[PDB]
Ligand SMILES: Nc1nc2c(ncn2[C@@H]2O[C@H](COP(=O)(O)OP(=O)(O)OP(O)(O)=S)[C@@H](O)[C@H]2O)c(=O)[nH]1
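Have a look below at one chain only, the form solved without the ligand, in structure tokens format.
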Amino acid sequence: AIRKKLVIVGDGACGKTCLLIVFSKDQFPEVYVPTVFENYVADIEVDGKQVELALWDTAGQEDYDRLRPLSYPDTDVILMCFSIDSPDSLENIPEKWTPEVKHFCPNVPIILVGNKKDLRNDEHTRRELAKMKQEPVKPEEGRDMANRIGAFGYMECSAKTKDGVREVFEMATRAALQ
């Protein structure tokens, strides 16, 4: 198996930690959801190729501009996350996260991932957002942002229901192999 490295980036409330936890355990924890994620090396077989995919989180490094880039050396694929319940997390993608990742990870594929897709049709979410003249991120808004930033592709998932989670990591492995 060939070894590849994945790093997930995004704002503090984007759901990146939960996404790594659910994928690495293959389950949304029933008793306790961990606060942090250390690392993990997933055995993934995608399109007949076996890969050891090392997984890393940047949670806790968002306010520390000199510590955060230490997570980037030799990254093969970037998952760039935003939460669908937070149109503000999508706005910080093009002019904060994208120029940083392009600088430290030149030529590395970026997959833009819309997390918490289950909240798009959640009434409590729609009510809270409507108070700030907002609505959950629409699928075309996510695709257009991915197109604009030069992303390898656009994907959505829900760590809560596990829907789309396996597909995100299998596609990330294919991107890392190219």
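Residues carry their position along the shown sequence, with the first being 1.
Tell me which stretch has the larger mean Cα B-factor in this entry, 133-141 or 49-57.
That would be 133-141.
Between 21-29 and 166-174, which has the higher average C-alpha B-factor in the PDB entry?
Going by the record's values, the stretch with the higher mean is 21-29.
Compare the CA B factors listed in the entry for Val41, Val113, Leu119, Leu67 and report the winner.
That would be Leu119.
Quick one: classify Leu90 as lowest, middle or highest third of the chain based on its Cα B-factor.
Highest third - that is where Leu90 ends up once the chain's C-alpha B-factors are sorted.
Considering only modelled residues of the same chain, in which third does the CA B-factor of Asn107 rank: lowest, middle or highest?
Its C-alpha B-factor belongs to the highest third of this chain's values.
Looking at the temperature factor on the CA atom of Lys5, which third of the chain's modelled residues does it land in?
It falls in the bottom third of the chain.
Split into thirds by Cα B-factor across the chain's modelled residues, where does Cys157 land: lowest, middle or highest?
Middle third of the chain for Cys157's C-alpha B-factor.
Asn147 CA temperature factor, ranked by third within the chain:
CA B-factor rank for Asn147: middle third.
Below: the form solved in complex with the ligand, not depicted.
Looking at the partner-bound form in the bound PDB entry, is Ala159 within 4.5 Å of the ligand by any heavy atom?
Heavy-atom contact with the ligand at 4.5 Å: present for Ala159.
Evaluate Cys18 for contact with the ligand in the bound PDB entry, applying a 4.5 angstroms cut-off between non-hydrogen atoms, and reply yes or no.
Within the cut-off, so yes.
Contacts with the ligand in the bound PDB entry - residues in 105-125 whose heavy atoms fall within 4.5 Å
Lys116, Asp118, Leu119, in sequence order.
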